[PDB]
Amino acid sequence: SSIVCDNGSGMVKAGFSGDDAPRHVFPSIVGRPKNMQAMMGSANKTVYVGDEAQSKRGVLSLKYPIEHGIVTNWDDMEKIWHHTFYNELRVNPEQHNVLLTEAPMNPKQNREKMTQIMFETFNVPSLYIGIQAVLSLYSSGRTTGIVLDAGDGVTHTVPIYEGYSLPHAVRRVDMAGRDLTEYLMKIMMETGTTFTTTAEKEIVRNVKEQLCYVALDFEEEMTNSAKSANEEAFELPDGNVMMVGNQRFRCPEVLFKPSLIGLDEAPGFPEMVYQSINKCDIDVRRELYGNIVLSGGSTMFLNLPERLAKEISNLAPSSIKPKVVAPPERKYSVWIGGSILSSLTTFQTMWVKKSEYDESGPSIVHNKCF
Amino acid sequence: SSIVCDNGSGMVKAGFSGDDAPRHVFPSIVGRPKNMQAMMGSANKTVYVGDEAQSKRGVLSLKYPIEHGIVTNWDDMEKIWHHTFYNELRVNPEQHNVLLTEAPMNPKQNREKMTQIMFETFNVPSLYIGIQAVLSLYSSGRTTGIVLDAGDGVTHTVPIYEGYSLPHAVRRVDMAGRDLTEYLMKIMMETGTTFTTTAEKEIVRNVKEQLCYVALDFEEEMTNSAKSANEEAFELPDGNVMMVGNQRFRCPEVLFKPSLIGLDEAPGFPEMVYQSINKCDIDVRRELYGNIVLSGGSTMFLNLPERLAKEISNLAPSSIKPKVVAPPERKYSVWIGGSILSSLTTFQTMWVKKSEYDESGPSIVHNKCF
Amino acid sequence: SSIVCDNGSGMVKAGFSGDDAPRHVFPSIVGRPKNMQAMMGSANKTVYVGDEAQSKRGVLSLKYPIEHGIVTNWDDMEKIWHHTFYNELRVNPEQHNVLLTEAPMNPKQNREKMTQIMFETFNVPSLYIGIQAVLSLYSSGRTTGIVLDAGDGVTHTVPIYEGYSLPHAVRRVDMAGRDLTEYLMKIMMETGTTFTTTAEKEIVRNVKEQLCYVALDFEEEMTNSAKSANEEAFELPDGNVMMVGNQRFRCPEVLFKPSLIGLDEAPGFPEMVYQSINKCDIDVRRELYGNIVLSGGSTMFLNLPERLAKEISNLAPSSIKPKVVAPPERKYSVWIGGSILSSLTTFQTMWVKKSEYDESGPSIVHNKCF
Amino acid sequence: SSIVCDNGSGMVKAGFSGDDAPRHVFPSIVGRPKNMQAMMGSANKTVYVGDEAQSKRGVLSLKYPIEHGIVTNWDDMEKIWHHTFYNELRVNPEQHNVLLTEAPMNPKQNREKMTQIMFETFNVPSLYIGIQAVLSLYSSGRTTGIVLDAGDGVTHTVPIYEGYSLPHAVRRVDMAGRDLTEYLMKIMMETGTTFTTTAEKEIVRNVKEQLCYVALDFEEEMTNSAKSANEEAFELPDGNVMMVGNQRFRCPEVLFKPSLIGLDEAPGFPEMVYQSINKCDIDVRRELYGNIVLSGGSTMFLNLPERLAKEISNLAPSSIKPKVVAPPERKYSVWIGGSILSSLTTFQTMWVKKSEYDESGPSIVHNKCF
Amino acid sequence: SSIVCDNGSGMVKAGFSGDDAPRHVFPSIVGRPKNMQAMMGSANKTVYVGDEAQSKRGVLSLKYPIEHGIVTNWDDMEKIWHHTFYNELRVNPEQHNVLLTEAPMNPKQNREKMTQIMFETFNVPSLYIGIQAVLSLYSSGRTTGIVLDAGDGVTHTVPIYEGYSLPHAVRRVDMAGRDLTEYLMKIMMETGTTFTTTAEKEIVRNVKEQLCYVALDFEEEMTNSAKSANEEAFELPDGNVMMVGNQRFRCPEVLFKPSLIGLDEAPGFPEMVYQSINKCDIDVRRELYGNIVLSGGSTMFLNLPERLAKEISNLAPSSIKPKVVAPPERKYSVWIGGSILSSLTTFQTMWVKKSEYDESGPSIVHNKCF
Ligand SMILES: Nc1ncnc2c1ncn2[C@@H]1O[C@H](COP(=O)(O)OP(=O)(O)O)[C@@H](O)[C@H]1O
Ligand SMILES: Nc1ncnc2c1ncn2[C@@H]1O[C@H](COP(=O)(O)OP(=O)(O)O)[C@@H](O)[C@H]1O
Ligand SMILES: Nc1ncnc2c1ncn2[C@@H]1O[C@H](COP(=O)(O)OP(=O)(O)O)[C@@H](O)[C@H]1O
Ligand SMILES: Nc1ncnc2c1ncn2[C@@H]1O[C@H](COP(=O)(O)OP(=O)(O)O)[C@@H](O)[C@H]1O
Ligand SMILES: Nc1ncnc2c1ncn2[C@@H]1O[C@H](COP(=O)(O)OP(=O)(O)O)[C@@H](O)[C@H]1O
Ligand SMILES: [Mg+2]
Ligand SMILES: [Mg+2]
Ligand SMILES: [Mg+2]
Ligand SMILES: [Mg+2]
Ligand SMILES: [Mg+2]
């Protein structure tokens, strides 16, 4: 059976082809102890991976090997893959095909080192690497539309018409949920709460995923909270209680005005879609407006699909009725689409075999995997 | 049953003998994709013909095999004929007679290659090729008059008296509707609209067929629009709106003064008829002035028959009253006349049989088909 | 004395008639601060123009008022002209004649608004507007030849024979150096360097003007760099070093195959000249092939004149020997030719006086300036 | 005359505008007796403020109202301000303007309560609050550079270019001289000396300011002292003598490696400057490296400017020559700059008047004081 | 077999590894006669050690070599060790390994002189020194929790999580049972009983260990005894009877408010635990609250565990349920844990051999014994 591994900046999702959902989802982190061992009977390790690092984070310093979709530490990246094959799936990687994913317009060296490790360290028989936004269209059962994908490190838009690519309209911003966590941690200091460690950053991420929401009218929302000053209580791991005010809707507002974090010229979600559509062709634009697909975990805020539709309607001409499609399970769209694609009988010739890599070299991955 | 196929520069019209109208009319284009396939489940082809190419033109580059009445790509010309027999009429071409049309004073190689393909590739039993302007007289039920035919690539005039040809008075200009589309696309840039692709050229052709008209007095019309500056709105496929000013009546004015597009010595519609009549005989001219017949799609502009009659009256002597006949269905005159001619019992000996071609060779078509 | 101002998409060149070179050349940009003032003693402005904006670009957002030869912001366009008259030339514009330039086939509204501002805001006595490619022929001292002009926004070709214009052979593409900067910035991401701001775009423009060159044989050049992988180092303003590989010759290759940036049907430099010549007359073509003149800053790449000559020779018939003339100072050909033309004694009747504008109105500029 | 009051965690500095130095500097402490009065003729108080508390500290328990730049006891904070106006300056606070200082990224409630006390309790006519690091640039007579300020509770870095703020590059650590005193008191127990009371903590602070110095090479310095074991004698208030060994250079080493006190992820002085510079813009970094300004009492250790310059040079690229500016009087830079700023004639409109506070409320301080 | 010797300020506990309890427990005192010998046949010594000194204390002056965990007389310290090896265990110290204990944050010279005596005077083969609070966790069979140890001279708290040390949260007060004996001896004078000699101080220590208890509500307990005035009788060695009133619960109240003996700023038992927990990490505090371990002889008062739990619950947040673990045999926890640790097979490499001391010197003990 073939293995589908959706590895992004934040999470790892692994499973087998043909299933409807991944069976193993864990954070993509590596932890190391920062103090000396005091007892003698402990079964402590020297490096912690995955959920082990998350649970013992009180005594560890945490690192993410991938930043903005690019691997910055290959030694720690092999530890995560070694964890996935032997501890999560519990298989022998020499007997399965592996399908991987990547963001568009990445440096070529990132794709070449990934292939070298898979063939030489793990001895995989055959390999394939896909583009994340294309795999999201497979899960929706359509061949026309524009996909907005926002995860932990990158946001990109890819338009497709009748199954044909439009390479000159692809956009990428490099600003996603991890930058939202840092902004929330900073504006939280206005109320007297300060977090600085990597372990405390994981607490801030939980506050974002439970209390933050998109305001339908931002300017009115600020005025109302200035007078009412309604607040909500959050319970910290140590038992204390933290109050959250207007930080709840100011944090996701970055996705609509990136100048709050210094990106004074980055477009933002409505303009990113609008500019990408107007670069395709005049005879294609009406169909693209009718199928706008949301994907990724950073699109899971409450009221985000409704706010996005209203903003685009103010940019498009009067006769255009934009339609935004937001599946309830869009956090796993990339993995689901990859499971569908690898099950097709016509795909069996698209695998990159080990024998071809032995002759052509690492550069063969660029010729194939289109 | 016999097949009538009126194939010009722009359109294909096909049907069966005895009918009052063709049953299949589609543009004569071939489309090819200009980008790479991105999905795997699509039923995409590699070449598109006819209305398929028109609908998917946003991702295709379009070509016309015929230019100025002469085939410039025989491989793409066979694709169009193959489309007509098997997808439109859905017949076996080995059991029907085929009647084709051609413009006068064409190169001899054009007619010879057409015969070779029909007999050897499609194995047609018998064949015939006619002159387009002569077939227009059949549909009017007359044997005397001069025909002005203007389609997409060629304009020609042919006079006939009592059923006798007058070979030394035939004229041909090679300037028709496709040159009108290019002129409209150029003078449209004076108002800030630029179209450059082949797909965008199809949009300009729709603007010509809906908003352009012939001005009865050109010089007065320009003066009035200089002050009023009245404009009309046209809605583009993507939802935007384009304003059209005096380009509405300047575009068809080319047919009356070809020096606007650089043909400083070509006559134009009134002079083309006038010069053709004065080359026939003094005892024939009065009858020719009384029956001037319009044919083709480029004669469908509003006010064109009225403007033409006035201009000729300024050239003819005072005792002559020219009369212009413009049937409301003159876009299909050539096809209708060919349907009538092929139904006559005296025509059954005029077919060129396959056996004769086997002996004489391709040159037999010149001896017959007179 | 008369003033010559060559204002294109990228640069402003100003001076006085009779001189051999302009005395003031600065970029055509306007800058505005994007953060709040923190100190109190600074002499900061609110808008920066010219070289002031270039030097302080670290804290400013930059805009070009002119895009593709058409003014898109008239308020910022007046600031640039106000800067030129009072800060660069330091004259009173009510005592001098002004000669301006424009690209062919521009919208009529662009020329009318330019005249209204000059007469009403600056109170210029007399005015004239010329065509850039014609002024380049004056600087070469010839009356026959075809001019290829490529600046920052537009590329056009204009043929002239014995001093007579050939209006139906003029071509224009709207693709020039600014599109080359954007393509270099995109293919630079394949090596792990990302620039997104307007200020960072000025750094990419300096890399193009120092390291990029035209490859004589493109296909062989790619193969050699695939094995040798020779690279060159460029020093960034902050002290870091960037390596440039085969991006050096891939960037100017767009001028020879515009399908790399999506213009799948635009001709390119050799085909643009070839198509323009074959539209003139059969008795003029041999003289045009003998005088092909290069003008503009986008023609300054190394090996460009040699590559252009070879490509044209493969399109022309065997008995034709094309000759390309590339002056070493062709970046200032338009300004130099305008200085010559305004010094002629026969030109003194060609000025458009203010009194005529008072009666006829802004439309007088179309009747004159031919 | 206007009053300038620089109130930090450790000291109070007060004076009048226009002077070159403050006239009153005293510690910011409040003392209360811990035993019962035994005699009857004493003029003892119940609360001691300032130098009175310092002298009688043998029978008092001492508290600091401000911790890490944030007021933790407002009742004791009013006693310190009441002491400053009536006992030190000896003025009526209803006739002078007051200028105050604050650290960046402080909680908003801290600034609001400060304004309420000044207007309602002391009836000040007009008020203003500034940022400490900005006022340090005024005293140096420059508008470009990055300021490192380290006092008793907070360390922060603020970059400024051409008088423009760069809000997204400000950093703050909350670790300063008071944490250095606690670390020295702990490692002093390795030699058999134990101090536990608040009064004994003032003795340890005097040892830090007289015997501690920065080692140019820390690892070599430890090795040399392991063999030589050279020591220095310090005389205690009671007449006994304490010997100090390698604690002299280990105490200020915390500023270069904060993991010695448990802040395993805080950067430290060289990394704090390096990270702040690399967040500004590529076109600004070279000027920032050339002007690095030291401010505050915790930068007064011997050899600190020389060690800082060497460490930064190992982080910057090879073509960069960092320059550190350390004025001999940098302990009073914030007060001096505030005296200069309040003397400017353009500043007279920046005062926040009492009438405005009556209408807008305490929130007016956020709109102004930028 | 290995020897375990738990030597604190008050008692000596010695035994062999593997046993469940020490076999020899005697006070750590040295006695000398204060009068002249009168008879001739007596077998009197000149120095008495251990239980010999306790029995003949009527004619001796007693001294403790160790005060606050630090040896103040090394000559008398060797007499106690010589007594333990030859009179109590009756072994040859050249054939056994010795494990010793020490309080945290002791002067380094104390540990170095101890090693020098063991290796050079007694010629021990191998040696090891541990931290007392860590050894108490071994006896409980846990790797997480915070230990409160209070003996005769020192009180300290040490938190441990998952076997990892937290060095920056260790606290030490230097106030234990010997200070409780002196306070009881002073407040006993309010009822007319005066003890001044060292021998009489041993009688007061017996009164503390039999009649003193912790009051659950101190303020109510004082009020009840003011009216009832209930008293208890104690029989002195000479036959007289002493009455004890409210001194029974006032003596152990010092452990909860150290200001009764002049330590006005020392925290006390509930605050010592509370401050130590809040210095560890937010993700560790909940587990520490659930395992609070009592150790040492000064925790043996009646009702002490119940009073401690109630006081901590008033300091912790509402969702926290503190749990105090008080083993019935906690007076020997340090010795028992050391017996367990020295029996582990993984510990056999942790011994400090004599050969290593010969080369490295006395400083080797700091590198090991972590
Ligand atoms: N319900 C939610 N609301 C807002 N953000 C979320 C939610 N769930 C997950 N996220 C954010 O999505 C990011 C990761 O998204 P995902 O696409 O699943 O991972 P990856 O970036 O690895 O592809 C994380 O930064 C996380 O904070
Ligand atoms: N209503 C109309 N008004 C003006 N032009 C028309 C109209 N309808 C068709 N045309 C033009 O007629 C041309 C084709 O005419 P037709 O004779 O039918 O085809 P063909 O040239 O193949 O014989 C096209 O260029 C089209 O733009
Ligand atoms: N040496 C060079 N090599 C390549 N390109 C150049 C060179 N010098 C200038 N350019 C380009 O020429 C463009 C401007 O050319 P120019 O004709 O002088 O200005 P304008 O477009 O305003 O007329 C700019 O985009 C610049 O990048
Ligand atoms: N010569 C010195 N060497 C080292 N530290 C010093 C020296 N002088 C003062 N300090 C320290 O500076 C701190 C206060 O600095 P300062 O900035 O003047 O006060 P504040 O923190 O109130 O602004 C005190 O902790 C003091 O110990
Ligand atoms: N039952 C008891 N109640 C109160 N205090 C006790 C009790 N038993 C012993 N102590 C006190 O404990 C102290 C010694 O405790 P321990 O920890 O055994 O010795 P060390 O201090 O040498 O480690 C002595 O001061 C003694 O008075
Ligand atoms: Mg993802
Ligand atoms: Mg026709
Ligand atoms: Mg130019
Ligand atoms: Mg300060
Ligand atoms: Mg003990």
# chains A, B, ... in the order shown; residues from 1 in each chain; ligands from 1
call {"tool": "residues_near_ligand", "arguments": {"ligand": "ligand 3", "cutoff": "7 Å", "atoms": "only C-alpha atoms and all ligand atoms", "output": "number ranges by chain"}}
result
C: 7-12, 150-153, 177-178, 205, 208-210, 296-301, 331
call {"tool": "interface_residues", "arguments": {"of": "chain D", "to": "chain E", "cutoff": "10 Å", "atoms": "only C-alpha atoms", "output": "VMD selection string"}}
result
chain D and resid 34 to 35 61 186 to 193 196 to 198 260 to 262
call {"tool": "write_last_selection", "arguments": {"atoms": "N, CA and C atoms", "output": "PDB file, in the first residue's frame"}}
result
ATOM      1  N   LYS D  34      10.341  48.263  61.943  1.00  0.00           N
ATOM      2  CA  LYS D  34       9.955  46.889  62.224  1.00  0.00           C
ATOM      3  C   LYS D  34       9.967  46.549  63.705  1.00  0.00           C
ATOM      4  N   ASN D  35      10.257  47.510  64.575  1.00  0.00           N
ATOM      5  CA  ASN D  35      10.214  47.310  66.014  1.00  0.00           C
ATOM      6  C   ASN D  35       9.497  48.484  66.663  1.00  0.00           C
ATOM      7  N   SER D  61      12.498  48.176  57.153  1.00  0.00           N
ATOM      8  CA  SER D  61      12.343  47.283  56.012  1.00  0.00           C
ATOM      9  C   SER D  61      12.009  48.116  54.784  1.00  0.00           C
ATOM     10  N   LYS D 186      23.905  35.546  45.591  1.00  0.00           N
ATOM     11  CA  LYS D 186      23.823  34.092  45.656  1.00  0.00           C
ATOM     12  C   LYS D 186      25.192  33.438  45.500  1.00  0.00           C
ATOM     13  N   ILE D 187      25.969  33.850  44.497  1.00  0.00           N
ATOM     14  CA  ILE D 187      27.295  33.274  44.298  1.00  0.00           C
ATOM     15  C   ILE D 187      28.293  33.747  45.337  1.00  0.00           C
ATOM     16  N   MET D 188      27.925  34.734  46.149  1.00  0.00           N
ATOM     17  CA  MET D 188      28.753  35.137  47.277  1.00  0.00           C
ATOM     18  C   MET D 188      28.717  34.119  48.407  1.00  0.00           C
ATOM     19  N   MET D 189      27.713  33.241  48.429  1.00  0.00           N
ATOM     20  CA  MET D 189      27.620  32.220  49.462  1.00  0.00           C
ATOM     21  C   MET D 189      28.621  31.094  49.258  1.00  0.00           C
ATOM     22  N   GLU D 190      29.219  30.985  48.072  1.00  0.00           N
ATOM     23  CA  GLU D 190      30.241  29.973  47.849  1.00  0.00           C
ATOM     24  C   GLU D 190      31.497  30.229  48.668  1.00  0.00           C
ATOM     25  N   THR D 191      31.694  31.453  49.152  1.00  0.00           N
ATOM     26  CA  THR D 191      32.846  31.793  49.974  1.00  0.00           C
ATOM     27  C   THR D 191      32.486  32.005  51.437  1.00  0.00           C
ATOM     28  N   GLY D 192      31.264  31.673  51.840  1.00  0.00           N
ATOM     29  CA  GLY D 192      30.899  31.729  53.238  1.00  0.00           C
ATOM     30  C   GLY D 192      30.332  33.038  53.732  1.00  0.00           C
ATOM     31  N   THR D 193      29.728  33.840  52.863  1.00  0.00           N
ATOM     32  CA  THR D 193      29.076  35.078  53.265  1.00  0.00           C
ATOM     33  C   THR D 193      27.610  35.021  52.865  1.00  0.00           C
ATOM     34  N   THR D 196      20.667  38.349  53.720  1.00  0.00           N
ATOM     35  CA  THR D 196      19.278  37.975  53.480  1.00  0.00           C
ATOM     36  C   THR D 196      18.303  39.142  53.592  1.00  0.00           C
ATOM     37  N   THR D 197      18.645  40.169  54.363  1.00  0.00           N
ATOM     38  CA  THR D 197      17.695  41.244  54.600  1.00  0.00           C
ATOM     39  C   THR D 197      17.729  42.263  53.463  1.00  0.00           C
ATOM     40  N   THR D 198      16.702  43.117  53.427  1.00  0.00           N
ATOM     41  CA  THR D 198      16.654  44.171  52.416  1.00  0.00           C
ATOM     42  C   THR D 198      17.754  45.200  52.633  1.00  0.00           C
ATOM     43  N   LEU D 260      22.570  31.962  32.874  1.00  0.00           N
ATOM     44  CA  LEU D 260      23.099  31.789  34.221  1.00  0.00           C
ATOM     45  C   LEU D 260      22.045  32.020  35.293  1.00  0.00           C
ATOM     46  N   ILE D 261      21.012  32.804  34.998  1.00  0.00           N
ATOM     47  CA  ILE D 261      19.940  33.076  35.943  1.00  0.00           C
ATOM     48  C   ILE D 261      18.629  32.438  35.509  1.00  0.00           C
ATOM     49  N   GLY D 262      18.663  31.534  34.535  1.00  0.00           N
ATOM     50  CA  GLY D 262      17.495  30.774  34.155  1.00  0.00           C
ATOM     51  C   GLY D 262      16.780  31.242  32.906  1.00  0.00           C
TER      52      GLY D 262
END
call {"tool": "select_by_dssp", "arguments": {"residues": "region 24-129 of chain E", "states": "alpha helix (DSSP H)", "output": "PyMOL selection string"}}
result
chain E and resi 51-55+74-83+108-120
call {"tool": "residues_around", "arguments": {"residues": "region 82-91 of chain E", "least_positions_apart": "4", "cutoff": "8 Å", "atoms": "only C-alpha atoms", "output": "list in words"}}
result
residues 14, 15, 24, 49 and 78 of chain E
call {"tool": "write_last_selection", "arguments": {"atoms": "N, CA, C and O atoms", "output": "CSV table (one decimal), in the first residue's frame"}}
result
chain,number,residue,atom,x,y,z
E,14,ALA,N,24.4,5.9,60.9
E,14,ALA,CA,25.3,5.1,60.1
E,14,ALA,C,24.8,3.7,59.9
E,14,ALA,O,23.9,3.2,60.7
E,15,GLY,N,25.3,3.0,58.9
E,15,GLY,CA,24.8,1.7,58.6
E,15,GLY,C,25.5,1.2,57.3
E,15,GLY,O,26.5,1.7,56.9
E,24,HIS,N,22.9,2.5,64.0
E,24,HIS,CA,23.5,3.3,65.0
E,24,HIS,C,23.2,4.7,64.9
E,24,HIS,O,23.5,5.3,63.8
E,49,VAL,N,32.7,11.3,73.5
E,49,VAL,CA,32.0,11.4,72.2
E,49,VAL,C,30.7,10.6,72.3
E,49,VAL,O,30.7,9.5,72.8
E,78,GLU,N,36.9,15.1,63.4
E,78,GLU,CA,37.6,13.9,63.2
E,78,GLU,C,37.3,12.9,64.3
E,78,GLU,O,37.3,11.7,64.1
call {"tool": "closest_residue", "arguments": {"among": "A:20, A:179, A:75, A:287", "to": "ligand 1", "atoms": "only C-alpha atoms and all ligand atoms"}}
result
A:179
call {"tool": "residues_around", "arguments": {"residues": "region 347-351 of chain E", "least_positions_apart": "3", "cutoff": "12 Å", "atoms": "only C-alpha atoms", "output": "ChimeraX atom specification"}}
result
/A:39-41 /E:2,96-100,124-130,338-344,354-357,364-365,367-370
call {"tool": "write_last_selection", "arguments": {"atoms": "N, CA and C atoms", "output": "short mmCIF file (atom, residue, chain, number, x, y, z; two decimals), in the first residue's frame"}}
result
data_model
loop_
_atom_site.label_atom_id
_atom_site.label_comp_id
_atom_site.auth_asym_id
_atom_site.auth_seq_id
_atom_site.Cartn_x
_atom_site.Cartn_y
_atom_site.Cartn_z
N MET A 39 18.24 12.46 38.89
CA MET A 39 18.01 11.11 39.36
C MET A 39 18.72 10.11 38.46
N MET A 40 18.67 8.84 38.85
CA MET A 40 19.38 7.78 38.14
C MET A 40 18.47 6.74 37.50
N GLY A 41 17.24 6.58 37.99
CA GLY A 41 16.36 5.56 37.46
C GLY A 41 15.46 5.98 36.32
N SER E 2 29.22 -1.30 51.27
CA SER E 2 29.33 0.15 51.33
C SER E 2 28.70 0.69 52.60
N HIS E 96 35.92 -0.33 52.44
CA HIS E 96 34.53 -0.03 52.16
C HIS E 96 34.41 1.30 51.43
N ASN E 97 33.35 1.43 50.64
CA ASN E 97 32.98 2.70 50.03
C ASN E 97 32.11 3.49 51.00
N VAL E 98 32.26 4.81 50.97
CA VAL E 98 31.57 5.70 51.90
C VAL E 98 30.72 6.69 51.11
N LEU E 99 29.46 6.81 51.48
CA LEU E 99 28.54 7.78 50.89
C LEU E 99 28.14 8.79 51.95
N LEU E 100 28.33 10.07 51.66
CA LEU E 100 28.05 11.16 52.58
C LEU E 100 26.98 12.08 52.00
N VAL E 124 40.18 5.87 52.56
CA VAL E 124 39.00 5.25 51.95
C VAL E 124 39.29 4.98 50.47
N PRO E 125 38.86 3.84 49.92
CA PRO E 125 39.08 3.59 48.49
C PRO E 125 38.32 4.54 47.56
N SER E 126 37.00 4.64 47.73
CA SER E 126 36.18 5.49 46.88
C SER E 126 35.13 6.21 47.72
N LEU E 127 34.64 7.33 47.19
CA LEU E 127 33.84 8.27 47.95
C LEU E 127 32.75 8.86 47.07
N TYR E 128 31.67 9.32 47.72
CA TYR E 128 30.61 10.04 47.03
C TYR E 128 29.86 10.91 48.02
N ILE E 129 29.41 12.08 47.56
CA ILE E 129 28.66 13.03 48.38
C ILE E 129 27.39 13.41 47.64
N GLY E 130 26.24 13.32 48.33
CA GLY E 130 24.96 13.60 47.73
C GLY E 130 24.24 14.77 48.39
N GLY E 338 19.59 6.98 50.50
CA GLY E 338 20.99 6.72 50.20
C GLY E 338 21.33 5.25 50.16
N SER E 339 20.66 4.44 50.98
CA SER E 339 20.86 3.00 50.92
C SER E 339 20.34 2.42 49.61
N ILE E 340 19.22 2.93 49.12
CA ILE E 340 18.67 2.47 47.85
C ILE E 340 19.59 2.86 46.69
N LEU E 341 20.03 4.12 46.67
CA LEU E 341 20.81 4.62 45.54
C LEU E 341 22.13 3.88 45.41
N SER E 342 22.80 3.62 46.52
CA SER E 342 24.10 2.96 46.47
C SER E 342 24.00 1.49 46.10
N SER E 343 22.80 0.90 46.11
CA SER E 343 22.61 -0.49 45.72
C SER E 343 22.36 -0.67 44.23
N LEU E 344 22.16 0.41 43.48
CA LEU E 344 21.86 0.28 42.06
C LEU E 344 23.11 -0.12 41.28
N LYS E 354 40.19 6.91 44.55
CA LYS E 354 41.33 7.56 45.17
C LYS E 354 42.37 7.97 44.14
N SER E 355 42.53 7.18 43.08
CA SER E 355 43.53 7.49 42.05
C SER E 355 43.22 8.81 41.36
N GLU E 356 41.94 9.08 41.09
CA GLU E 356 41.56 10.34 40.47
C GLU E 356 41.87 11.52 41.37
N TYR E 357 41.65 11.36 42.68
CA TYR E 357 41.96 12.44 43.61
C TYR E 357 43.46 12.73 43.65
N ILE E 364 38.26 17.84 42.33
CA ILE E 364 37.55 16.87 41.50
C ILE E 364 36.14 16.64 42.02
N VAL E 365 35.92 16.88 43.32
CA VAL E 365 34.62 16.61 43.92
C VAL E 365 33.54 17.52 43.34
N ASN E 367 33.44 18.61 40.10
CA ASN E 367 33.10 18.15 38.75
C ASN E 367 32.14 16.97 38.80
N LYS E 368 32.43 15.99 39.65
CA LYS E 368 31.52 14.87 39.88
C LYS E 368 30.54 15.25 40.98
N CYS E 369 29.80 14.27 41.49
CA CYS E 369 28.85 14.48 42.58
C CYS E 369 27.85 15.58 42.23
N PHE E 370 27.24 15.45 41.06
CA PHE E 370 26.24 16.41 40.61
C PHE E 370 24.83 15.87 40.79
#
call {"tool": "select_by_dssp", "arguments": {"residues": "region 69-251 of chain B", "states": "strand (DSSP E)", "output": "PyMOL selection string"}}
result
chain B and resi 70-71+98-102+126-131+145-150+155-161+164-165+171-172+232-235+241-244
call {"tool": "residues_around", "arguments": {"residues": "residue 337 (chain A)", "least_positions_apart": "6", "cutoff": "9 Å", "atoms": "only C-alpha atoms", "output": "JSON, numbers by chain"}}
result
{"A": [134, 135, 136, 137, 138, 139, 140]}
call {"tool": "residues_around", "arguments": {"residues": "residue 242 (chain D)", "least_positions_apart": "5", "cutoff": "9 Å", "atoms": "only C-alpha atoms", "output": "VMD selection string"}}
result
chain D and resid 193 232 to 236
call {"tool": "write_last_selection", "arguments": {"atoms": "C-alpha atoms", "output": "mmCIF file, in the first residue's frame"}}
result
data_model
loop_
_atom_site.group_PDB
_atom_site.id
_atom_site.type_symbol
_atom_site.label_atom_id
_atom_site.label_comp_id
_atom_site.auth_asym_id
_atom_site.auth_seq_id
_atom_site.Cartn_x
_atom_site.Cartn_y
_atom_site.Cartn_z
ATOM 1 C CA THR D 193 29.076 35.078 53.265
ATOM 2 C CA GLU D 232 40.375 41.836 46.742
ATOM 3 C CA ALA D 233 39.259 43.099 50.142
ATOM 4 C CA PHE D 234 36.075 45.060 50.836
ATOM 5 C CA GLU D 235 35.315 46.727 54.168
ATOM 6 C CA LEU D 236 31.832 46.196 55.594
#
